[PDB]
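Engineer: Sequence plus experimental coordinates follow:
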Amino acid sequence: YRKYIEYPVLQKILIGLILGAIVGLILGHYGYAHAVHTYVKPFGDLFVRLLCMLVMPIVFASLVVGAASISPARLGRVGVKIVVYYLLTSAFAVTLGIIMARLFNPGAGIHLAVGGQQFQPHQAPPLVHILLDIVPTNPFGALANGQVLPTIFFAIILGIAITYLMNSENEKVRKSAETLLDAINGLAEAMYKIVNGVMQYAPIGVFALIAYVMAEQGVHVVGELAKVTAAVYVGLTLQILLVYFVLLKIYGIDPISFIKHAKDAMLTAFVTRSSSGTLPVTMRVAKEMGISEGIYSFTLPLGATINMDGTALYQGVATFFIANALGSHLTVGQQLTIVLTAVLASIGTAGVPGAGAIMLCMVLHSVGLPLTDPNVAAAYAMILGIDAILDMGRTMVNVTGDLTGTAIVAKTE
Amino acid sequence: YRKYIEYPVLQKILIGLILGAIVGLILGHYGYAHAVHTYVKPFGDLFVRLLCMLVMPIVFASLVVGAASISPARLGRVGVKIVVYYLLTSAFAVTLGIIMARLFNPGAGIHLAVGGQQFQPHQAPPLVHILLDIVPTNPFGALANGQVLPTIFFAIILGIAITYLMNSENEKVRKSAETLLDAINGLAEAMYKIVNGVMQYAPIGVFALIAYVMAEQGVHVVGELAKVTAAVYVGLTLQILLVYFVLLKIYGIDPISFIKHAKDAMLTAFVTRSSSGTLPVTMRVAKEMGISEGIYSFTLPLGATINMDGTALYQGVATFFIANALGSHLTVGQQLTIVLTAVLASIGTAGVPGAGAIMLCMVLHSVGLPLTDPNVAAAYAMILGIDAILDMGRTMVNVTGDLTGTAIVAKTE
Amino acid sequence: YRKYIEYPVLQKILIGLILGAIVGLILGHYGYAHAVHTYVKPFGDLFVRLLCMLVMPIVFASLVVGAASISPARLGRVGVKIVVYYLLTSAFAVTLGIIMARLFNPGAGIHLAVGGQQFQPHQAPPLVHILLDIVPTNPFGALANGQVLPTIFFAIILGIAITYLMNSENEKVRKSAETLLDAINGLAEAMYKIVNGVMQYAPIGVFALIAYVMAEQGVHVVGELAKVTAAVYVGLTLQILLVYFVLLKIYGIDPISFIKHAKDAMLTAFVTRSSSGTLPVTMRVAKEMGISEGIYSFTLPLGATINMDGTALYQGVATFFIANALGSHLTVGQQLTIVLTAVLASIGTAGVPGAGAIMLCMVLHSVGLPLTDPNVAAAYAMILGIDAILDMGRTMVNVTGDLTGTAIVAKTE
Ligand SMILES: N[C@H](C(=O)O)[C@H](OCc1cccc(NC(=O)c2ccc(C(F)(F)F)cc2)c1)C(=O)O
Ligand SMILES: N[C@H](C(=O)O)[C@H](OCc1cccc(NC(=O)c2ccc(C(F)(F)F)cc2)c1)C(=O)O
Ligand SMILES: N[C@H](C(=O)O)[C@H](OCc1cccc(NC(=O)c2ccc(C(F)(F)F)cc2)c1)C(=O)O
């Protein structure tokens, strides 16, 4: 038990994935699939329930504290320019991922049905009726139901009001707003501690999900996930080439001479799989150019937490894979809802220890595909089974997206 | 932007109403109504959504803090007599407004249908089953749904318990109740700051609502709102005459000699449209009679915030206009629910900057006519279009209702 | 009024029961039953609504504070052994009560229908799908609905995280978790103050419930409640004999010589009807054996609040009486849900002044039989009418269950 807890959790969940896939494949080939479905699948359904539990208090409390922490006069002009750049590039990354998932059609041809029936889709409202459904009718009724976008707006609009209250001239209202912000900060840190136990449970439920799904389907899923990782990587290299080379050549920096210097810390992201564990390495390559200290001392720790581009592209491709494996058809209107949710999920869940799972949970909730439906969990398990090589490429772009961002700011200043 | 914010908000929303009505009328006459319905109406639906958002946390937090602030031994006998008088006169004002809205039948003959279908009414429970539905089955489930009356009771019953906790002999429970009351006070003041931004947005959404509705209907609405303002003003003068002259002649004060002295500050309410901006003016006329300082130094600032009579009558007439324009039929049982909600809305939302809109929102929620249904918003926009002259008469009675109230207390003491 | 409040509340509600039963019987015999059903029953429906109101914030706030208060290193090994013993014996008591309620079939043959239709049962999920429904999908949506078991888990898992937060090394997170725990403690004590007013209202609503039910049915209910109290008492003596004599003879203590010393304070529980008002009496009989001071100074005040065995058996018999009078059929899966809820209700609602009513309300909510359905309230009133003699026997076993528990711990240590 204690020897199992002290193991590092990322290699733990990776070796759980690897031990799950092969064992599920041989149990699916030998014919013991029904025993797996009756005895192992509740250990994975418990894990997807524990993952759906944590997504609602985090997206309220963390967003309230984060919106209360900002100050546009204290945060300099360099800060607001790099925030504009990060949100614009993340929106373009989700748009390009949706484009490269419509061009490839991954998952089309599975016809997944777990219980014996297909996933019945919900009627999507028109385009105008969703931007009016951003603002909640009832702010308690948006938290009592799922409603990720009607509670992000309420959390941000509460945090800005708490900021306007905290610097007021009266004393009792300052004490009251201070105690309210401290209570919501306590709820946020309690959620951050529950996440660090659910992630310890994760290398059992993930093994259960893979050993269920690969025993159910088995053979065709490796072709479908090969098409998935091809549609991720060609759009990922197209993301780097198009977006970063245009945004570097429009400001006069030679992109080949930039990237041939940046490669020394770009390549360690491909083998480290952590955009924060390579921060002292990329500090050296930010020092290697002519960037002043007051820019790269501040921007790259912000870019390692807010600026996530490859994760933003993968959150479009792996949310079209679910809808194309479930037989649903995502119309326009809930197609830009993926963009508006994947940008604000990166700006919201900054610094959570479980960002990679709840950042997809709150997009699949916002589309209308909840993870408790048994058709969604199977395709989600296929995505988590292929997730390792995609995480390699995701970190590879997630580190480059900051070195191409501080150079633009150092060019204008 | 900054020049638009620094404008005073009441003249802003009034000139938005006036610029909305004429422009909507000429667009409705020239035949460009469908372009208005497809391009301008979301700016009004956004505003009615922003108005329905704010009504649930205010009616909980403000009521909790207000019920926690009272003390029946610190508040003197003069205070409890004037609270009994204010609530009795407000209940009689809602009853007389319901009478003068049944006698005139305003809005009967419109047959409003926006989407292409009429408003389907809900089955009203009997009389006994509503007074048992005052107390909530689930206090969290009353806030997660609308349920204005099952959350007013819970907020008051929580505030009284916090008052009984704060003066306890143990120390940890006193610290705990103090931090809880400070957190709910912080939520209340954060809602009061969000109201002051939604009211800044209001002179665009109000213009959108009027430019939609007057372009849809156009001609017959001026006759319907003329019947509405006639049914307001004849019941308003009957309110003054019957209620105030009987309650003044029963205690021996000559009402003609009283009102001929009170006219000097009664008439400025007709041209000021603010029952709080005429408080130093009516302090002079309270001084002009033989009222001692210890009564009129305290009562008139309480009467300008709690005692609202013309607003209570208008919240009966303009809630029968909605039900008679929508084809519904308000039975008895949800007819005294309007009385019990309009009294406790005046006692609850005391000091909010958005009292005039949420005080009608939480009555239309309590009847069963929510403002997100597109049939309700059109007739609500007709009421807001006629609202200016009614606000003049409402302030005219709202100021007189305190000068007739302190004289009774000065007569018994 | 003041002379009515200063009366002690337990003798008040008992004399309300006794004055209710006879008066309801003679009104049912003389033929004035419809006047009772139309004029008295809302006073009982108001009371069952006030009892259903209080069960949701208590089971969240009290559980959060109680789970935050524990420390397994500060609480000694004697403490964790006696907690294991108390929870094991309470689970065995609920199991034996369910056995002695299946063996007797109480309430089978009533065919109760108040409104004119029977109680429609809900479809029970299978056994695996309930242990996965323990963990909530949405922690706010578990509190917005009833969902007692999906909010007990969330309250415990929040309290443990607040405990792990409070001893952290950073200072701001310690301040934040301290203010959050103080706010939830304030909510818990506010609920404990509202309970002490609802219990003051209780000797009117209880009289209304009995005077309604005994006027409706009248004659056959005395045979049904005689079978109920027989099925309670034979299982209660079988509980004492089997469980306590096996758990005493397995550790070498002579049970006859133990109970002949323990009788001097066991017999006062039969006439006192209070397991806490006999605590100084049973301290003497704990001193009368060879128990050291460091065990019985700590354990018996814990056993009078956590260890409830006869109440645990009665919460199985009086929850099979409701399901057998309503025509429903409790399957296995919602039969061990009664065990898992009645154990955790004893561990949760420890120290509340209204434990005996909400501890059954949160079991009938967890089965799927809410107390607002008019078929459930009649059989619940039959249980409350017979409740006095059952409370005598319940206290008789509830006191013995601690004297048989400290002796085992004094034997191992
Ligand atoms: N690739 C980036 C970067 O590792 O820095 C990017 O970072 C986001 C990030 C940061 C810290 C933790 C996480 N969480 C995970 O990796 C994760 C992975 C799998 C699960 C699972 F339990 F399997 F669902 C849960 C969480 C994600 C990413 O992984 O998408
Ligand atoms: N007539 C009284 C007195 O002005 O003092 C009485 O005061 C209540 C009062 C006080 C302060 C602000 C408000 N709010 C408004 O006037 C208001 C008017 C229109 C809207 C709109 F946005 F159009 F819905 C919103 C709010 C109301 C009343 O207006 O009904
Ligand atoms: N018999 C035990 C012991 O009296 O100590 C055991 O104690 C639990 C306990 C302790 C303190 C108060 C309570 N509450 C009640 O007795 C009670 C009885 C009836 C009602 C009613 F209002 F009639 F529903 C409400 C509450 C229960 C029990 O009564 O079940």
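Structural biologist: Arrived safely. Residues are numbered from 1 along each chain as shown, chains lettered A, B, ... in the order given. Ligands and ions are numbered 1, 2, ... in the order given.
Engineer: what's residue A:126 sitting at in phi/psi?
Structural biologist: phi -70, psi -180 (degrees, to the nearest 10).
Engineer: how about it, what does it touch?
Structural biologist: Taking Cβ atoms under 8 Å, 6 or more residues apart in numbering or on different chains, we find residue A:126 in contact with residue A:333. For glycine as for every other residue, the C-beta is placed from the backbone atoms N, C-alpha and C.
Engineer: same check, this time on the one 5 residues further on
Structural biologist: By Cβ under 8 Å, 6+ apart, residue A:131 lies in contact with residue B:42.
Engineer: Check the stretch 1-150 of chain A for the residue nearest chain B and tell me.
Structural biologist: Closest to chain B within the stretch 1-150 of chain A is residue A:144: 3.7 Å, counting by Cβ to the nearest Cβ.
Engineer: Near that residue, how many other residues are there?
Structural biologist: 23 (other Cβ atoms under 10 Å in any protein chain shown).
Engineer: Quick check: it touching residue C:142?
Structural biologist: No. Applying Cβ atoms under 8 Å as the test, residue A:144 and residue C:142 come out as separate, 9.5 Å apart.
Engineer: The residue of the stretch 1-150 of chain A closest to chain B: what's it in contact with?
Structural biologist: B:140, B:144, C:138, C:140, C:141, C:143, C:144.
Engineer: from these, which two are the most distant?
Structural biologist: By the measure Cβ to Cβ, B:140 and C:138 form the most distant pair in the contacts of residue A:144, at 12.4 Å.
Engineer: Quick check: closest non-adjacent residue to residue A:369.
Structural biologist: In space, and not counting its chain neighbours, residue A:369 is closest to residue A:376: 5.3 Å by Cβ to Cβ, 6 or more residues apart in numbering or on different chains.
Engineer: So is whichever strand or helix holds the one you found next to ligand 1?
Structural biologist: Secondary structure from DSSP states H and E places residue A:376 in helix A:374-412. Yes. Counting by Cβ under 6 Å from any ligand atom, ligand 1 has neighbours in helix A:374-412: A:384, A:391, A:394, A:395, A:398.
Engineer: quick check, nearest of those residues to residue A:244?
Structural biologist: Distances from residue A:244 to the residues of helix A:374-412 next to ligand 1, taken by Cβ to Cβ, are shortest for residue A:398, at 12.5 Å.
Engineer: Kindly confirm whether my reading is correct that that closest one touches residue A:308.
Structural biologist: Yes. Between residue A:398 and residue A:308 there is a contact under Cβ under 8 Å: 5.6 Å.
Engineer: what's the overlap in contacts for the two?
Structural biologist: Contacts common to residue A:398 and residue A:308, judged by Cβ under 8 Å, 6+ apart, are residue A:275.
Engineer: Can you tell me how far residue A:33 is from residue A:23?
Structural biologist: Residue A:33 sits 13 Å away from residue A:23, going by Cβ to Cβ, to the nearest Å.
Engineer: now swap in residue A:256 and tell me
Structural biologist: Taking Cβ to Cβ, one finds residue A:256 at 46 Å from residue A:23.
Engineer: cool, and residue A:254?
Structural biologist: Counting by Cβ to Cβ, the gap from residue A:254 to residue A:23 is 51 Å.
Engineer: Between these two, which is the more surrounded one?
Structural biologist: Counted by other Cβ under 10 Å, residue A:254 and residue A:23 do not tie: residue A:23 has more neighbours, with 17 against 10.
Engineer: so which helix or strand takes in that one?
Structural biologist: helix A:9-30.
Engineer: and the closest residue to residue A:80 other than its chain neighbours, how many neighbours does it have?
Structural biologist: In space, and not counting its chain neighbours, residue A:80 is closest to residue A:72: 6.7 Å by Cβ to Cβ, 6+ apart. Neighbour count for residue A:72, taken as other Cβ under 10 Å: 10.
Engineer: Now do the SS call for residue A:72.
Structural biologist: Secondary structure, DSSP: H, G, I helix; E, B strand; the rest coil: residue A:72 is coil.
Engineer: Can you name every helix or strand that the helix or strand where residue A:338 lies contacts?
Structural biologist: Using DSSP H and E, residue A:338 sits in helix A:336-348. Judged by 3 or more Cβ pairs under 8 Å, 6 or more residues apart in numbering or on different chains; DSSP states H and E, helix A:336-348 is in contact with helix A:55-69, helix A:77-102, helix A:149-166, helix A:310-325, helix A:355-367.
Engineer: Give me the contacts around that helix.
Structural biologist: Contacts for helix A:336-348 (Cβ under 8 Å, 6+ apart): A:59, A:62-63, A:66, A:87, A:90-91, A:94-95, A:98, A:130, A:148-149, A:152, A:306-308, A:311-312, A:315-316, A:319, A:330, A:359, A:362-363, A:366-367.
Engineer: So is the helix or strand hosting residue A:203 next to chain C?
Structural biologist: For residue A:203, the host element (DSSP H and E) is helix A:172-216. Yes. Contact of helix A:172-216 with chain C (Cβ under 8 Å from any Cβ of the partner chain) involves A:179, A:182, A:183, A:185, A:186, A:187, A:189, A:190, A:191, A:193, A:194.
Engineer: and the two most separated of these?
Structural biologist: A:179 and A:194 (22.9 Å).
Engineer: For residue A:107, grab phi and psi.
Structural biologist: phi 80, psi -10.
Engineer: Output the set of residues of the stretch 301-413 of chain A in proximity to ligand 3.
Structural biologist: So far as Cβ under 6 Å from any ligand atom goes, the stretch 301-413 of chain A does not lie against ligand 3 anywhere.
Engineer: Show me which residues of the stretch 251-400 of chain A sit near ligand 1.
Structural biologist: Going by Cβ under 6 Å from any ligand atom, the residues of the stretch 251-400 of chain A near ligand 1 are A:273-276, A:311, A:354-357, A:384, A:391, A:394-395, A:398.
Engineer: count of neighbours near residue A:268?
Structural biologist: With other Cβ under 10 Å as criterion, residue A:268 counts 18.
Engineer: my guess is it meets residue A:278, correct?
Structural biologist: Yes. Residue A:268 lies in contact with residue A:278 (Cβ under 8 Å); the separation is 5.4 Å.
Engineer: Assign the spatially most distant residue from the centre of chain A to helix, strand or coil.
Structural biologist: Distance from the C-alpha centroid of chain A, by Cα atoms, centre = their mean, peaks at residue A:170 (40.9 Å). Three-state call for residue A:170 (three-state DSSP): coil.
Engineer: Closest residue of chain A to chain B?
Structural biologist: residue A:180 (3.2 Å).
Engineer: Would you mind measuring from that residue to residue A:66?
Structural biologist: For residue A:180 relative to residue A:66 (Cβ to Cβ), the value is 15 Å.
Engineer: Comparing the two, which residue is more hemmed in?
Structural biologist: residue A:180 (28 against 18).
Engineer: more neighbours, residue A:398 and residue A:308?
Structural biologist: Each of residue A:398 and residue A:308 has its neighbours counted (other Cβ under 10 Å); residue A:308 has more, 32 against 23.
Engineer: mind listing what the more buried one touches?
Structural biologist: Listed by Cβ under 8 Å, 6+ apart, the contact set of residue A:308 reads A:90, A:275, A:346, A:398, A:401.
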